[PDB]
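So you can see what is in the structure, the chains are spelled out below.
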Amino acid sequence: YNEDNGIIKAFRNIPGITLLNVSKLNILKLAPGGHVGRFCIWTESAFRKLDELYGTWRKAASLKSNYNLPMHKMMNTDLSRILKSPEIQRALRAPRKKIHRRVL
Amino acid sequence: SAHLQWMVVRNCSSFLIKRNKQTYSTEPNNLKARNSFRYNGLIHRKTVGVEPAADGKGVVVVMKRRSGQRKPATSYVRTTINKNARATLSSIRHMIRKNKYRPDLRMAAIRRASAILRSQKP
Amino acid sequence: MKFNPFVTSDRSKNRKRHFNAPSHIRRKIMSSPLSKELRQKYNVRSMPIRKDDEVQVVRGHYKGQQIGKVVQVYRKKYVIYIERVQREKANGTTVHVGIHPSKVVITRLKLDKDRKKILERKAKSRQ
Amino acid sequence: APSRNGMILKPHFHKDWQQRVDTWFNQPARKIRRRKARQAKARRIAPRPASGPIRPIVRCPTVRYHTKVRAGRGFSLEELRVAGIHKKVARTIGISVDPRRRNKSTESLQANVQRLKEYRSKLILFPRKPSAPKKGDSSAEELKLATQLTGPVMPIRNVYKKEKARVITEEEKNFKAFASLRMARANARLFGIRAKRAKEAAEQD
Amino acid sequence: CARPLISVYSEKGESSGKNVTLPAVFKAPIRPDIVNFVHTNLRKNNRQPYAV
Amino acid sequence: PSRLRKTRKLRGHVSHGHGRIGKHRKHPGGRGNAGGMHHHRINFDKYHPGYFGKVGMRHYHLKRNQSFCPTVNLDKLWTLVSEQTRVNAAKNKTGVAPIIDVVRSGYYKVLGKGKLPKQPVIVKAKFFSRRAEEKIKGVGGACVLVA
Amino acid sequence: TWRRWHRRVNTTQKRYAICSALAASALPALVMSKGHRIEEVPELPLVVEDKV
RNA sequence: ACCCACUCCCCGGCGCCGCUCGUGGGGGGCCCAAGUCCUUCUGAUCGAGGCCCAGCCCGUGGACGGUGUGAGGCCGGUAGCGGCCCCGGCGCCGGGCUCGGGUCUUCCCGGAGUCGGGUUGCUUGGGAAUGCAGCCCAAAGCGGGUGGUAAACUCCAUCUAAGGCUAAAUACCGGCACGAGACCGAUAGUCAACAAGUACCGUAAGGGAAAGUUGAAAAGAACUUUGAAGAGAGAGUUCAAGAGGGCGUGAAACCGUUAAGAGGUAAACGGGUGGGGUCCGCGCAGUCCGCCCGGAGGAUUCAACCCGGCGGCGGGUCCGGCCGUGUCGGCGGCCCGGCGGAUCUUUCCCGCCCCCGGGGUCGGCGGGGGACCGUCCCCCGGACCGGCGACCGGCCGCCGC
RNA sequence: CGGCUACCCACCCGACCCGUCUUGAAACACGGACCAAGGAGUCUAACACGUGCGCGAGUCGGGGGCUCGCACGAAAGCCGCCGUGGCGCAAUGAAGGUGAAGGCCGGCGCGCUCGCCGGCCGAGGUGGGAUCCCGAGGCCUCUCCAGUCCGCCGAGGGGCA
Ligand SMILES: [Mg+2]
Ligand SMILES: [Mg+2]
Ligand SMILES: [Mg+2]
Ligand SMILES: [Mg+2]
Ligand SMILES: [Mg+2]
Ligand SMILES: [Mg+2]
Ligand SMILES: [Mg+2]
Ligand SMILES: [Mg+2]
Ligand SMILES: [Mg+2]
Ligand SMILES: [Mg+2]
Ligand SMILES: [Mg+2]
Ligand SMILES: [Mg+2]
Ligand SMILES: [Mg+2]
Ligand SMILES: [Mg+2]
Ligand SMILES: [Mg+2]
Ligand SMILES: [Mg+2]
Ligand SMILES: [Mg+2]
Ligand SMILES: [Mg+2]
Ligand SMILES: [Mg+2]
Ligand SMILES: [Mg+2]
Ligand SMILES: [Mg+2]
Ligand SMILES: [Mg+2]
Ligand SMILES: [Mg+2]
Ligand SMILES: [Mg+2]
Ligand SMILES: [Mg+2]
Ligand SMILES: [Mg+2]
Ligand SMILES: [Mg+2]
Ligand SMILES: [Mg+2]
Ligand SMILES: [Mg+2]
Ligand SMILES: [Mg+2]
Ligand SMILES: [Mg+2]
Ligand SMILES: [Mg+2]
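Residues numbered from 1 in each chain as written, not as in the entry; some residues may be left out. Chains lettered and ligands numbered in written order. Part of a larger assembly, values for the part shown. Heavy atoms only, no water.

Deposited coordinates in this entry are attributed by the record to cryo-EM, at a stated resolution of 3.1 Å.

The name given to chain D in the PDB entry is 60S ribosomal protein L13, with Mus musculus as the source organism. In the PDB, the entry goes by the title "Mus musculus brain neocortex ribosome 60S bound to Ebp1".

Taking the PDB entry as the reference, chain B is identified by name as 60S ribosomal protein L28 belonging to Mus musculus. Per UniProt, chain B carries the Subunit text "Component of the large ribosomal subunit." Quoted verbatim from the Subcellular location field of UniProt, the annotation for chain B is "Cytoplasm". (UniProt positions renumbered as here; feature names shortened; annotations may be inferred.)

What surrounds RNA strand I is a group of 76 residues, the closest being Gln27(D), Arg38(D), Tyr65(D), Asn45(E) and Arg11(F). Per the 4 Å cut-off to the protein, sugar and phosphate atoms form 67% of the nearby atoms of RNA strand I. Within the contact set of RNA strand I, a phosphate oxygen lies 3.4 Å away from a backbone nitrogen or oxygen of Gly114(F). Here a phosphate oxygen of RNA strand I sits 2.8 Å away from a polar atom, N or O, in the side chain of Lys115(F). When contributions to the surface near RNA strand I are tallied by element, the ones reaching two or more residues are α2 (27-30) of chain A, α1 (27-44) and α6 (178-189) of chain D, α1 (32-43) of chain E, β1 (71-73), β3 (109-111) and α4 (130-137) of chain F together with α1 (11-24) of chain G. The biggest single contributor to the surface near RNA strand I is α1(D), with seven residues. Of the residues belonging to the surface near RNA strand I, the class tally is 22 nonpolar, 24 polar and 30 charged. (Near = heavy atom within 4 Å. Polar contact = N/O pair within 3.5 Å; in protein donor to acceptor, adjacent residues only side chain to side chain. Helix = DSSP H or I, 4+ residues; strand = E, 2+ residues; numbered from the N terminus. Nonpolar A, V, L, I, M, F, W, Y, C, P; charged D, E, K, R; others polar.)

The subject of this paragraph is the side chain of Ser33(G). Counting through the fold element by element, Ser33(G) comes out in the loop between α2 (28-32) and β1 (46-48). Since its relative accessible area comes to 7%, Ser33(G) is described here as buried. Apart from residues no more than four positions distant in its own chain, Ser33(G) is found in contact with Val9(B), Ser13(B) and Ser14(B). (Buried < 20%, exposed > 50% of the residue type's maximum accessible area, 1.4 Å probe, protein only. Contact = heavy atoms within 4.5 Å.)

This part is about the state of the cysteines. What the rule picks out here adds up to zero disulfides over all chains. Here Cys12(B) stays free of any disulfide, with the sulfur of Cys40(A) as its closest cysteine sulfur at 17 Å. The thiol sulfur of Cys143(F) is not disulfide-bonded, and the nearest other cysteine sulfur, from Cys69(F), lies at 16 Å. For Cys143(F), a relative accessible area of 2% gives the class buried. (Disulfide = S-S within 2.5 Å.)

Before going further, it helps to examine the packing of α1(E) against α1(G). At a closest axis distance of 9 Å, the pairing of α1(E) and α1(G) adopts a crossing angle of 125 degrees. Here α1(E) is positioned oblique relative to α1(G), judged by the angle of their axes. Seen along the crossing, α1(E) lies across α1(G) with a hand that is left-handed. Here α1(E) contributes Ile34(E), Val35(E), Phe37(E), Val38(E) and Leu42(E) to the contact with α1(G), which in turn contributes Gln13(G), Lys14(G), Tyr16(G), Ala17(G), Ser20(G) and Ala21(G). When its residues are assigned to classes, the contact of α1(E) with α1(G) shows eight nonpolar, two polar and one charged. (Axes fitted to C-alpha atoms, helices over the stretch in contact; angles between N-to-C directions. Parallel < 35°, antiparallel > 145°, perpendicular 65-115°, else oblique. Left-handed = near helix turned anticlockwise from the far one by under 90°.)

Attention shifts here to the sheet that holds β1(F). Residues and elements named next belong to chain F. Judged by pairing direction, the sheet is parallel, and its three strands sit side by side in the order β1-β3-β5 without closing on themselves. Where the open sheet ends on each side, the last strands, each with one partner, are β1 and β5 (127-128). Relative to β5, β3 runs parallel, the two being bridged by two bridges. Of the residues in β5, the one forming a bridge with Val110 is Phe128. (Pairing = 2+ DSSP bridges.)

A separate point is the nonpolar core. Core analysis: the biggest nonpolar cluster contains 47 residues, and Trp42(A), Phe47(A), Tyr54(A), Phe26(E) and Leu22(G) have the highest contact counts within it. At eight residues, α1(G) tops the list of elements feeding residues into this core. Excluding its chain neighbours within four sequence positions, the residues that come into contact with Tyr54(A) are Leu25(A), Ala61(A), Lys64(A), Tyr67(A), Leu69(A), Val25(E), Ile18(G), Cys19(G) and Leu22(G). Listed in part, the 21 residues of the second largest apolar core include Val55(C), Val57(C), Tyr78(C) and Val104(C). (Core = buried A, V, L, I, M, F, W, Y, C linked by side-chain atoms within 4.5 Å.)

Encoded structure:
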């Protein structure tokens, strides 16, 4: 959330819940136990402030002075489409799926 | 992004049980028990699964809709087949042969459907 | 959840302060709930136990609907005694059995000048 | 003791050091105490700003830092006299005074008296009764603000002369050189020797 | 890269008429190793010292 | 990480990775840099030449502020000012040169490196090297001395 | 008592880990494989109005 | 001491109303919500649910005690929650002191057996001696100290020592209270979880231990019998005495008994068999499973095909629309759009400054305003992917109803 | 009926009692009567190398400050005219100090064991050097015609580290 108006009181008694602010994002609360992918529930303003707090690849962040979004290594992280694309298989080798086991 | 998600789910993920020398993935939408990339049902854009019906007879088939992604409310379409031992076995085979829709794991789905029908018979 | 930085959550400290509590705190600890028809009458939830009030066991081995009366409040043992809740010894003599006041529900209270004041104070605080 | 290859080390652990080791386990508590003290002082002195006493313009002494300017302790008595306010009243006004500092440059004297005049013009004080002069009818609704942060009126942020661009003159190609600095150093080194030589030459005449 | 639109849901559960675009932070490189390293090295900051 | 250290895999070995013939004695060779001139002279002369003795004259009460003189090179002389200055000078509207003051950046002496652009500059510094002074004038620049 | 308890991490690496966790929380597979029950959730990033 | 133009205030008690930032400090008591149905258990806090508004409260789901494993049974916890008592300041009604600023004229202006030097010790990183001390020598007022290499000549910079007071950020293993723990869990942790600096030891300084667990509740075994008693046989309480007064659980070394086996080269041990015994699985001439087909008898709806019809898949038109990547364009959101730039505009402004109130840019300083630059906001026109961004219209081919 | 084994017994063969000092241990060399619990390469500072991560001629807020009083908060978030500062970007002398651009073309002064001028790109050359580029030549149904179709290579060139 952002701009608290009493939401801590309403969410302070439910077990297993976690209260987090956009201006103060904690890794210990976002990825507990060292595993990513925790279910999140956002607000309209909390979701609109992310573009200004971290910035995009075109413009840097406005809240943070000298911070930019991390660089992206593999532009296409799907190995299946790359291996099955015609440009890759255009100059490949024969499969040669023969076993050639030991002969007595 | 199937391989990117598999590089995270292959370990350090829930549902995984490897107490003995064998490992099991145990997803709610999965045909076999092996923790593999070709059989994981949470990371692909197209996934087929079979399940025993909740009423006590028949087989429910869950298919990944692929129309709206990142929307797990309607991301899976569930149908119910309650026929003889061969009509369901042929309908499930057609459901994967006629449409492309992940042509592999067809035999896996068929074997799981036959195995759950064997248990539904008594 | 606890928020006052002056009250502790230590199990050992809580157990120590409960087992070595003074006599004026033991009487507050040994409190018993009131019956349903009396709770709506007095607008109070619980009330400490005294020697004259009647009470009815709700849980334990000597539980039932038989109305009883307390005869001793053993503050040292955090227990009360009832004249009808008793047991036979080896030689056959009777002896009272101890039941915790939290496991018993009150049905009658001694209308004392201080008891009425405590009741009205609790009612006005519950508002 | 030594090994195949490594930097020779001289650790200063020969003394009995374990009985005097300062661990900073009370650092968050100390920071919290300092923050609470700052907040309490600001709340008690609310009409006055935090770090109330205005500090003058101060140049660094050493040649390593004499290019930048920084804050200081107090204004000099000469600066107070050019400003025209009494020495003892500046303390209760909110002007820190440093009687030990002297003034050697009018370039800094004018800057300091200008800073003092700006502070005096921006200053607005509260009276006991409206019978005191040098004030207004309404005090700008608590002066639009009660307390200031990081400097009373203005920090010591550095300014720089622009000197954007200009046309090169004719003799600039042969105006200065490394030989100029070399000759300057040689003259500074052999100044007195030449004087003594001229003296002993005029002695013979 | 593609950044689709995400509809907003009202307090009653249905989707509201408004719609907001997906921020660029959700397309950042997913690095479980970096997350684990940061978590391991940051969880050691809140612990209290113990000694004989 | 004790579970990742070596002492865990050394359990069961009596010598604990230190040998049966020569045990791990407490400082068998000496404490610290013991015997730097004898029975360690081979190592001290093979890996640390010049360690023993005094060389230069002593300077009592040396202050690191007097000898403070950072150096800037000609290849970095253009990294101090903004980029638009270089293109505005390269436009060459007339015989005007941009002024690059290194005192603002924090350098007092300018040292010589090659490959200067063909644009005239006006440099202001406290000290100049001979090579740099000739190389900036061979392009049409000017050197200004400050204090 | 003077053991090295705390470990400092670069702010850039901290922000990298935060963006990595935020990007991983937007994928349904990574959050389903953690243990959360998101089978009936309409949209994975649940963006609600400011009334809450 | 004249001249000039000014200031009516401050400091110490006494009675009171309203507050002081967590809504000043201390103390006592109080304040939400199941103990309802069914079933295990000695005992319940266990076990599924409480109509379509999810049995009730929650700013109170931390913890403890209660016959076990409690958010709701009981102190307690949340709450700028309430009411009561005690202490300290902020505003107002008697009393005692009470001329500041500038120019000019006149006068005054300073700490001694101390600095310093010689010498001898200690100390310092301080070296021709940093500081301190003992002895001796022991001053000046344009003076004295310092200027990191001793000495002479000259100049320069800074200070006024041999008199004193003062809160601040700083430290705290003792003391009085409090909170917390990725620490220890009774040979561990302080020596000391318990009648521990106790018992005990040495004349004394001093040394210094071991030692937790019945049971939910003593409900601690009535009574009969044997024995003088210790003890035991019945009986009795408890779910349990296989928990019987250093008694939870109850290992090894060792010992007793019962059962089996063996015995002249001490016992033990590895490789390979045989015999006996406990136990395990099977019921031992009698037990293998699933698929297809040809036959022997009965009952059922569907499947072929068509129709109604929903749900998903695939591409063609990218069709009415969505956005991504680039180039111009409305110079338009520049004043009813944001950043940065040692890129500019002294014929822009404000406050200073030079020369002759005013004039002269003749030049410079700080702030503000605006022109060009590289990154962002809307519609039209088109360039590429229509790809993990998606809808409709039409089609082939699927599934269930 | 089948059953290896942590049950017992017997025969055949082999079989000296473990640990460390030692060239040499079963030794007439040392320690061990037996059993249960405890028991020994830790932590801090500094250095060197290697590896993982983030940024990159820059890097680092560990020191302080800011937001709201907080169980988790002795955490986490931010400073942006807080980068003061440490390391690296420059080395060489005891010091005063100094302090890193080459190559091609033409001309003139005796193109002189000879400097300067003008134009250009701009960190030299040789021998090796992964990789890359060009490439004679031939390799696919009856034929002169082709762009893909089958598909390697003699030699040569610029040449990472
Ligand atoms: Mg404790
Ligand atoms: Mg060695
Ligand atoms: Mg020592
Ligand atoms: Mg070995
Ligand atoms: Mg070793
Ligand atoms: Mg050795
Ligand atoms: Mg040896
Ligand atoms: Mg309990
Ligand atoms: Mg509880
Ligand atoms: Mg209660
Ligand atoms: Mg003198
Ligand atoms: Mg003097
Ligand atoms: Mg001198
Ligand atoms: Mg000298
Ligand atoms: Mg003094
Ligand atoms: Mg003094
Ligand atoms: Mg103090
Ligand atoms: Mg531990
Ligand atoms: Mg003991
Ligand atoms: Mg008898
Ligand atoms: Mg027992
Ligand atoms: Mg026992
Ligand atoms: Mg026998
Ligand atoms: Mg051993
Ligand atoms: Mg030896
Ligand atoms: Mg020998
Ligand atoms: Mg041996
Ligand atoms: Mg021996
Ligand atoms: Mg012997
Ligand atoms: Mg022996
Ligand atoms: Mg052990
Ligand atoms: Mg610096």
